[PDB]
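Dropping structure_17.cif in here (mmCIF, C-alpha atoms (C1' of nucleotides)):
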data_protein
loop_
_atom_site.group_PDB
_atom_site.id
_atom_site.type_symbol
_atom_site.label_atom_id
_atom_site.label_comp_id
_atom_site.auth_asym_id
_atom_site.auth_seq_id
_atom_site.Cartn_x
_atom_site.Cartn_y
_atom_site.Cartn_z
ATOM 1 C CA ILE A 195 4.638 49.724 -24.355
ATOM 2 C CA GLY A 196 7.765 49.757 -26.484
ATOM 3 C CA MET A 197 6.931 52.719 -28.731
ATOM 4 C CA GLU A 198 9.406 55.497 -29.463
ATOM 5 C CA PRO A 199 7.884 58.789 -28.253
ATOM 6 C CA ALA A 200 10.375 60.954 -30.156
ATOM 7 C CA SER A 201 9.267 59.362 -33.447
ATOM 8 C CA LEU A 202 5.556 60.156 -32.945
ATOM 9 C CA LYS A 203 3.512 63.352 -33.037
ATOM 10 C CA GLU A 204 2.147 64.832 -29.815
ATOM 11 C CA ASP A 205 -1.480 64.107 -30.714
ATOM 12 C CA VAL A 206 -0.565 60.503 -31.503
ATOM 13 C CA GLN A 207 1.041 60.314 -28.059
ATOM 14 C CA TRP A 208 -2.177 61.565 -26.471
ATOM 15 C CA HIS A 209 -4.145 58.991 -28.463
ATOM 16 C CA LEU A 210 -1.822 56.288 -27.139
ATOM 17 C CA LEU A 211 -2.443 57.566 -23.605
ATOM 18 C CA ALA A 212 -6.181 57.402 -24.263
ATOM 19 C CA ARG A 213 -5.488 53.791 -25.217
ATOM 20 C CA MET A 214 -4.043 53.318 -21.711
ATOM 21 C CA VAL A 215 -7.051 54.998 -20.066
ATOM 22 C CA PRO A 216 -9.337 51.905 -19.872
ATOM 23 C CA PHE A 217 -6.801 50.245 -17.567
ATOM 24 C CA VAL A 218 -6.809 53.129 -15.093
ATOM 25 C CA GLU A 219 -10.500 54.068 -14.674
ATOM 26 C CA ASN A 220 -13.286 51.856 -13.342
ATOM 27 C CA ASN A 221 -15.958 50.853 -15.844
ATOM 28 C CA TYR A 222 -14.684 52.866 -18.809
ATOM 29 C CA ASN A 223 -16.322 51.897 -22.093
ATOM 30 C CA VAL A 224 -14.394 53.075 -25.149
ATOM 31 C CA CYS A 225 -14.459 52.323 -28.867
ATOM 32 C CA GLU A 226 -11.530 52.578 -31.281
ATOM 33 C CA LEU A 227 -11.789 51.966 -35.028
ATOM 34 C CA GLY A 228 -8.790 52.205 -37.320
ATOM 35 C CA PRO A 229 -6.829 50.734 -40.216
ATOM 36 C CA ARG A 230 -5.040 47.406 -40.010
ATOM 37 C CA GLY A 231 -1.475 47.242 -38.763
ATOM 38 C CA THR A 232 -1.829 50.288 -36.506
ATOM 39 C CA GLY A 233 -0.920 48.291 -33.393
ATOM 40 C CA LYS A 234 -4.359 48.227 -31.780
ATOM 41 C CA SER A 235 -4.694 44.764 -30.251
ATOM 42 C CA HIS A 236 -1.042 44.606 -29.145
ATOM 43 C CA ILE A 237 -1.563 46.572 -25.933
ATOM 44 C CA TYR A 238 -4.592 44.510 -24.919
ATOM 45 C CA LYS A 239 -2.887 41.164 -25.623
ATOM 46 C CA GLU A 240 0.782 41.505 -24.631
ATOM 47 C CA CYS A 241 1.506 44.579 -22.499
ATOM 48 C CA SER A 242 -0.856 43.757 -19.630
ATOM 49 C CA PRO A 243 -1.390 40.582 -17.570
ATOM 50 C CA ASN A 244 -4.727 41.849 -16.189
ATOM 51 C CA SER A 245 -6.572 42.431 -19.479
ATOM 52 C CA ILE A 246 -8.151 39.992 -21.915
ATOM 53 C CA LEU A 247 -8.600 40.262 -25.680
ATOM 54 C CA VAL A 248 -11.804 38.454 -26.615
ATOM 55 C CA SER A 249 -11.026 37.137 -30.098
ATOM 56 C CA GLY A 250 -13.425 36.042 -32.808
ATOM 57 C CA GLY A 251 -16.392 37.818 -31.261
ATOM 58 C CA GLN A 252 -17.564 34.522 -29.772
ATOM 59 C CA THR A 253 -19.286 36.134 -26.791
ATOM 60 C CA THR A 254 -22.390 34.963 -24.977
ATOM 61 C CA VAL A 255 -23.968 36.377 -21.838
ATOM 62 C CA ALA A 256 -23.391 32.927 -20.342
ATOM 63 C CA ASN A 257 -19.594 33.116 -20.346
ATOM 64 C CA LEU A 258 -19.250 36.893 -20.586
ATOM 65 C CA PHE A 259 -21.610 37.986 -17.792
ATOM 66 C CA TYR A 260 -23.129 35.094 -15.813
ATOM 67 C CA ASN A 261 -23.482 31.369 -16.507
ATOM 68 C CA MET A 262 -26.667 30.383 -14.692
ATOM 69 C CA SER A 263 -25.851 26.666 -14.771
ATOM 70 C CA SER A 264 -22.489 26.923 -12.992
ATOM 71 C CA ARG A 265 -23.453 30.089 -11.068
ATOM 72 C CA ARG A 266 -20.116 31.770 -11.801
ATOM 73 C CA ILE A 267 -19.715 35.345 -13.010
ATOM 74 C CA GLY A 268 -18.406 35.805 -16.538
ATOM 75 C CA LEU A 269 -15.306 37.497 -17.893
ATOM 76 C CA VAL A 270 -16.291 40.961 -16.679
ATOM 77 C CA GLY A 271 -15.741 39.918 -13.073
ATOM 78 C CA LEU A 272 -11.975 39.383 -12.799
ATOM 79 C CA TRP A 273 -10.509 41.320 -15.745
ATOM 80 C CA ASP A 274 -9.703 45.018 -15.597
ATOM 81 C CA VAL A 275 -10.061 45.410 -19.378
ATOM 82 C CA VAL A 276 -12.095 43.314 -21.801
ATOM 83 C CA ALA A 277 -11.218 44.158 -25.401
ATOM 84 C CA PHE A 278 -13.591 42.915 -28.112
ATOM 85 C CA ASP A 279 -11.684 42.474 -31.338
ATOM 86 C CA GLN A 280 -13.323 42.214 -34.763
ATOM 87 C CA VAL A 281 -16.338 44.356 -33.913
ATOM 88 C CA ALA A 282 -17.879 43.254 -37.204
ATOM 89 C CA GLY A 283 -17.498 39.658 -36.027
ATOM 90 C CA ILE A 284 -19.066 40.063 -32.584
ATOM 91 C CA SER A 285 -22.579 38.611 -32.464
ATOM 92 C CA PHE A 286 -24.811 37.282 -29.700
ATOM 93 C CA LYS A 287 -26.424 33.857 -29.900
ATOM 94 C CA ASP A 288 -28.867 34.958 -27.190
ATOM 95 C CA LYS A 289 -30.924 38.076 -27.872
ATOM 96 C CA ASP A 290 -30.279 39.617 -24.439
ATOM 97 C CA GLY A 291 -26.646 40.397 -25.254
ATOM 98 C "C1'" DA B 1 -9.684 3.520 19.456
ATOM 99 C "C1'" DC B 2 -12.455 -0.078 16.856
ATOM 100 C "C1'" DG B 3 -16.406 0.645 15.391
ATOM 101 C "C1'" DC B 4 -17.895 5.344 13.703
ATOM 102 C "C1'" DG B 5 -18.750 9.461 10.880
ATOM 103 C "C1'" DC B 6 -16.909 11.999 6.522
ATOM 104 C "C1'" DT B 7 -15.202 11.745 1.793
ATOM 105 C "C1'" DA B 8 -15.468 9.427 -2.943
ATOM 106 C "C1'" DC B 9 -18.546 6.982 -7.534
ATOM 107 C "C1'" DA B 10 -23.420 5.530 -10.845
ATOM 108 C "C1'" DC B 11 -28.951 6.576 -12.191
ATOM 109 C "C1'" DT B 12 -32.792 10.033 -12.210
ATOM 110 C "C1'" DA B 13 -34.587 14.867 -13.031
ATOM 111 C "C1'" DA B 14 -34.340 19.730 -14.068
ATOM 112 C "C1'" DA B 15 -32.344 23.665 -16.125
ATOM 113 C "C1'" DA B 16 -30.087 26.404 -19.873
ATOM 114 C "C1'" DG B 17 -27.008 27.000 -23.317
ATOM 115 C "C1'" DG B 18 -25.709 26.412 -27.361
ATOM 116 C "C1'" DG B 19 -25.205 24.627 -31.365
ATOM 117 C "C1'" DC B 20 -28.300 24.063 -34.448
ATOM 118 C "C1'" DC B 21 -30.527 22.656 -37.617
ATOM 119 C "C1'" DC B 22 -34.562 22.599 -39.817
ATOM 120 C "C1'" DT B 23 -37.869 25.962 -41.169
ATOM 121 C "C1'" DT B 24 -39.804 29.563 -43.856
ATOM 122 C "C1'" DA B 25 -40.883 33.064 -45.530
ATOM 123 C "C1'" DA B 26 -38.930 36.033 -46.748
ATOM 124 C "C1'" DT B 27 -36.057 36.774 -51.190
ATOM 125 C "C1'" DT B 28 -33.859 36.923 -55.521
ATOM 126 C "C1'" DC B 29 -34.481 36.182 -59.987
ATOM 127 C "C1'" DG B 30 -35.501 33.835 -64.493
ATOM 128 C "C1'" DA B 31 -37.607 32.061 -67.822
ATOM 129 C "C1'" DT B 32 -41.798 32.756 -69.992
ATOM 130 C "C1'" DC B 33 -45.444 32.368 -72.209
ATOM 131 C "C1'" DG B 34 -48.479 34.902 -72.898
ATOM 132 C "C1'" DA B 35 -49.275 39.270 -74.438
ATOM 133 C "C1'" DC B 36 -49.580 42.655 -76.727
ATOM 134 C "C1'" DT B 37 -47.522 45.629 -80.203
ATOM 135 C "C1'" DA B 38 -46.365 47.212 -84.149
ATOM 136 C "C1'" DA B 39 -44.353 46.333 -89.305
ATOM 137 C "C1'" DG B 40 -44.815 44.721 -93.102
ATOM 138 C "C1'" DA B 41 -47.780 40.751 -95.176
ATOM 139 C "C1'" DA B 42 -50.754 39.017 -99.790
ATOM 140 C "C1'" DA B 43 -55.120 37.674 -100.909
ATOM 141 C "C1'" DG B 44 -58.691 38.994 -101.740
ATOM 142 C "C1'" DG B 45 -61.722 41.620 -102.414
ATOM 143 C "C1'" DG B 46 -63.418 45.227 -103.488
ATOM 144 C "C1'" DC B 47 -63.335 49.010 -106.649
ATOM 145 C "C1'" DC B 48 -62.818 51.282 -111.050
ATOM 146 C "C1'" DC B 49 -62.794 51.650 -116.001
ATOM 147 C "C1'" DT B 50 -62.518 50.601 -120.716
ATOM 148 C "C1'" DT B 51 -64.088 47.822 -123.110
ATOM 149 C "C1'" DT B 52 -69.803 45.705 -126.869
ATOM 150 C "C1'" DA B 53 -74.983 46.128 -127.621
ATOM 151 C "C1'" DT B 54 -78.608 49.261 -128.626
ATOM 152 C "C1'" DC B 55 -81.340 53.139 -128.821
ATOM 153 C "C1'" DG B 56 -81.935 56.644 -130.816
ATOM 154 C "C1'" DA B 57 -80.779 60.819 -133.626
ATOM 155 C "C1'" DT B 58 -78.792 62.395 -138.295
ATOM 156 C "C1'" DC B 59 -76.655 62.835 -141.982
ATOM 157 C "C1'" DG B 60 -75.472 61.223 -145.437
ATOM 158 C "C1'" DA B 61 -75.181 59.599 -150.961
ATOM 159 C "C1'" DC B 62 -78.245 58.378 -154.655
ATOM 160 C "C1'" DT B 63 -81.815 58.236 -157.007
ATOM 161 C "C1'" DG B 64 -85.863 58.192 -159.094
#

Would it be possible to restate this file's structure as structure tokens?
Amino acid sequence: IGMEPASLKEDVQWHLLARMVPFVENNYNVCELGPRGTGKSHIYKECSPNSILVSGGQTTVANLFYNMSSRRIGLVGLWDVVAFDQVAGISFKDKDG
DNA sequence: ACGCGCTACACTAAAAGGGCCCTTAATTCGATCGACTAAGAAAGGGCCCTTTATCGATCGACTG
């Protein structure tokens, strides 16, 4: 990732590995809450070309799961990791979300 | 092997998504204007009490 392992505690290293875990296991839902500036969104935005960081919380079942008009599957179809930032900000215009 | 079948453009209709925007029916309040709720009000009014008259009763000089 670019972190210095010798400058971190062992448990912090294992937490960072848990952060890797969503990339390596199929259909792995995981939630992480923490203080600002702890380097959360960096791994899901820079250090992987096959993961997406959904910003702003602007998520609808149309573009996230299945858009019935265009008949194309949403984000969850071609990305290995979908990371919802700003969990407070995520809200669904449709109820079914 | 040059006429022939495919591959490109506007109107009409249907679906769905997504702003979305108005609604509303929930909220706050926030005066507020009654609404009492005492606190002291003052007029008024009501109450009391010592005033004169008299009716004895008597106790007086005075008096014959």

Define the interface residues of chain B facing chain A as those within 10 Å, counting only C-alpha atoms (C1' of nucleotides), and report them as an mmCIF file with C-alpha atoms (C1' of nucleotides), in the coordinates of the input.
data_model
loop_
_atom_site.group_PDB
_atom_site.id
_atom_site.type_symbol
_atom_site.label_atom_id
_atom_site.label_comp_id
_atom_site.auth_asym_id
_atom_site.auth_seq_id
_atom_site.Cartn_x
_atom_site.Cartn_y
_atom_site.Cartn_z
ATOM 1 C "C1'" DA B 15 -32.344 23.665 -16.125
ATOM 2 C "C1'" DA B 16 -30.087 26.404 -19.873
ATOM 3 C "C1'" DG B 17 -27.008 27.000 -23.317
ATOM 4 C "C1'" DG B 18 -25.709 26.412 -27.361
ATOM 5 C "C1'" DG B 19 -25.205 24.627 -31.365
#

**Request:** One decimal, Å: what's the distance from atom CA of residue 291 of chain A over to atom CA of residue 271 of chain A, could you say?
**Result:**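 Straight-line distance from atom CA of residue 291 of chain A to atom CA of residue 271 of chain A works out to 16.4 Å.
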
**Neighbours of point (-4.7, 39.5, -20.5) within 12 Å, using all atoms listed in the file, written as a count of residues only** = 23

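You will find atom CA of residue 251 of chain A at 5.2 Å from atom CA of residue 283 of chain A.
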
**Item:** Residues returned when the PyMOL selection byres ((chain A and resi 213) around 10) runs on this file, as a ChimeraX atom specification
**Value:** /A:207-212,214-217,224-226,234,237-238

Got time to write the residues from that selection, C-alpha atoms, as a PDB file, in the coordinates of the input?
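This went into out39.pdb:
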ATOM      1  CA  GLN A 207       1.041  60.314 -28.059  1.00  0.00           C
ATOM      2  CA  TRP A 208      -2.177  61.565 -26.471  1.00  0.00           C
ATOM      3  CA  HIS A 209      -4.145  58.991 -28.463  1.00  0.00           C
ATOM      4  CA  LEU A 210      -1.822  56.288 -27.139  1.00  0.00           C
ATOM      5  CA  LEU A 211      -2.443  57.566 -23.605  1.00  0.00           C
ATOM      6  CA  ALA A 212      -6.181  57.402 -24.263  1.00  0.00           C
ATOM      7  CA  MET A 214      -4.043  53.318 -21.711  1.00  0.00           C
ATOM      8  CA  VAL A 215      -7.051  54.998 -20.066  1.00  0.00           C
ATOM      9  CA  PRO A 216      -9.337  51.905 -19.872  1.00  0.00           C
ATOM     10  CA  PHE A 217      -6.801  50.245 -17.567  1.00  0.00           C
ATOM     11  CA  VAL A 224     -14.394  53.075 -25.149  1.00  0.00           C
ATOM     12  CA  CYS A 225     -14.459  52.323 -28.867  1.00  0.00           C
ATOM     13  CA  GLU A 226     -11.530  52.578 -31.281  1.00  0.00           C
ATOM     14  CA  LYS A 234      -4.359  48.227 -31.780  1.00  0.00           C
ATOM     15  CA  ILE A 237      -1.563  46.572 -25.933  1.00  0.00           C
ATOM     16  CA  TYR A 238      -4.592  44.510 -24.919  1.00  0.00           C
TER      17      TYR A 238
END

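What separates atom CA of residue 221 of chain A from atom CA of residue 199 of chain A is a distance of 28.0 Å.
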
Provide chain A of the preceding structure as a file containing C-alpha atoms, as a short mmCIF file (atom, residue, chain, number, x, y, z; two decimals), in the first residue's frame.
data_model
loop_
_atom_site.label_atom_id
_atom_site.label_comp_id
_atom_site.auth_asym_id
_atom_site.auth_seq_id
_atom_site.Cartn_x
_atom_site.Cartn_y
_atom_site.Cartn_z
CA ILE A 195 0.00 0.00 0.00
CA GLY A 196 2.92 2.21 0.93
CA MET A 197 2.74 1.88 4.72
CA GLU A 198 5.79 1.20 6.87
CA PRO A 199 5.21 -2.08 8.75
CA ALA A 200 8.06 -1.50 11.20
CA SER A 201 6.42 1.75 12.36
CA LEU A 202 3.06 0.13 13.19
CA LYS A 203 1.87 -2.22 15.94
CA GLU A 204 1.09 -5.84 15.13
CA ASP A 205 -2.65 -5.45 15.75
CA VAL A 206 -2.70 -2.41 13.46
CA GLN A 207 -1.02 -4.56 10.81
CA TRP A 208 -3.74 -7.19 11.20
CA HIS A 209 -6.39 -4.48 10.91
CA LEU A 210 -4.75 -3.31 7.68
CA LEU A 211 -4.85 -6.90 6.41
CA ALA A 212 -8.54 -7.06 7.30
CA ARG A 213 -8.82 -3.94 5.15
CA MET A 214 -7.36 -5.99 2.28
CA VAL A 215 -9.76 -8.89 2.91
CA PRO A 216 -12.74 -7.56 0.86
CA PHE A 217 -10.58 -7.75 -2.28
CA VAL A 218 -9.74 -11.42 -1.77
CA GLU A 219 -13.05 -13.07 -0.77
CA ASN A 220 -16.23 -13.25 -2.84
CA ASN A 221 -19.20 -11.27 -1.53
CA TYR A 222 -17.61 -10.04 1.70
CA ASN A 223 -19.61 -7.29 3.40
CA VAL A 224 -17.61 -5.34 5.97
CA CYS A 225 -18.05 -2.08 7.86
CA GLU A 226 -15.27 0.17 9.17
CA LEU A 227 -15.87 3.32 11.22
CA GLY A 228 -13.03 5.51 12.43
CA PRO A 229 -11.65 9.00 12.94
CA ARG A 230 -10.74 11.29 10.06
CA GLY A 231 -7.27 11.18 8.57
CA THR A 232 -6.73 7.50 9.39
CA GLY A 233 -6.19 6.59 5.74
CA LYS A 234 -9.45 4.72 5.17
CA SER A 235 -10.56 5.66 1.66
CA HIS A 236 -7.02 5.67 0.25
CA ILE A 237 -6.86 1.91 -0.33
CA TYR A 238 -10.26 1.83 -2.04
CA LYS A 239 -9.48 4.79 -4.32
CA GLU A 240 -5.80 4.57 -5.29
CA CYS A 241 -4.22 1.19 -4.53
CA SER A 242 -6.56 -0.93 -6.65
CA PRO A 243 -7.77 -0.61 -10.26
CA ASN A 244 -10.60 -3.11 -9.71
CA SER A 245 -12.41 -1.37 -6.83
CA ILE A 246 -14.67 1.67 -6.79
CA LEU A 247 -15.23 4.25 -4.05
CA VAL A 248 -18.83 5.44 -4.28
CA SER A 249 -18.59 9.05 -3.09
CA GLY A 250 -21.32 11.29 -1.74
CA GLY A 251 -23.66 8.41 -0.98
CA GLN A 252 -25.54 9.12 -4.21
CA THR A 253 -26.65 5.52 -4.70
CA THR A 254 -29.85 4.25 -6.27
CA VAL A 255 -30.87 0.69 -7.04
CA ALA A 256 -31.09 1.84 -10.66
CA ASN A 257 -27.38 2.49 -11.11
CA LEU A 258 -26.11 0.37 -8.22
CA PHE A 259 -27.98 -2.89 -8.87
CA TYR A 260 -30.07 -2.88 -12.07
CA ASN A 261 -31.38 -0.10 -14.31
CA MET A 262 -34.61 -1.49 -15.73
CA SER A 263 -34.75 1.06 -18.55
CA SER A 264 -31.35 0.24 -20.06
CA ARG A 265 -31.39 -3.39 -18.83
CA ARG A 266 -27.78 -3.21 -17.63
CA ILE A 267 -26.56 -4.46 -14.26
CA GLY A 268 -25.36 -1.83 -11.81
CA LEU A 269 -22.01 -1.24 -10.15
CA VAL A 270 -22.03 -4.52 -8.24
CA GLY A 271 -21.58 -6.47 -11.46
CA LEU A 272 -18.06 -5.58 -12.62
CA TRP A 273 -16.31 -4.28 -9.49
CA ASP A 274 -14.59 -6.55 -6.98
CA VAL A 275 -15.04 -4.01 -4.15
CA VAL A 276 -17.65 -1.29 -3.79
CA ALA A 277 -16.78 1.07 -0.95
CA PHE A 278 -19.52 3.42 0.28
CA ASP A 279 -17.95 6.51 1.77
CA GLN A 280 -19.78 8.92 4.08
CA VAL A 281 -22.11 6.33 5.58
CA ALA A 282 -24.05 9.19 7.16
CA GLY A 283 -24.52 10.63 3.67
CA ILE A 284 -25.76 7.46 1.96
CA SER A 285 -29.51 7.57 1.36
CA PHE A 286 -31.86 5.87 -1.09
CA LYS A 287 -34.28 7.84 -3.23
CA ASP A 288 -36.23 4.62 -3.81
CA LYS A 289 -37.48 2.77 -0.74
CA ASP A 290 -36.29 -0.65 -1.96
CA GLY A 291 -32.63 0.20 -1.41
#
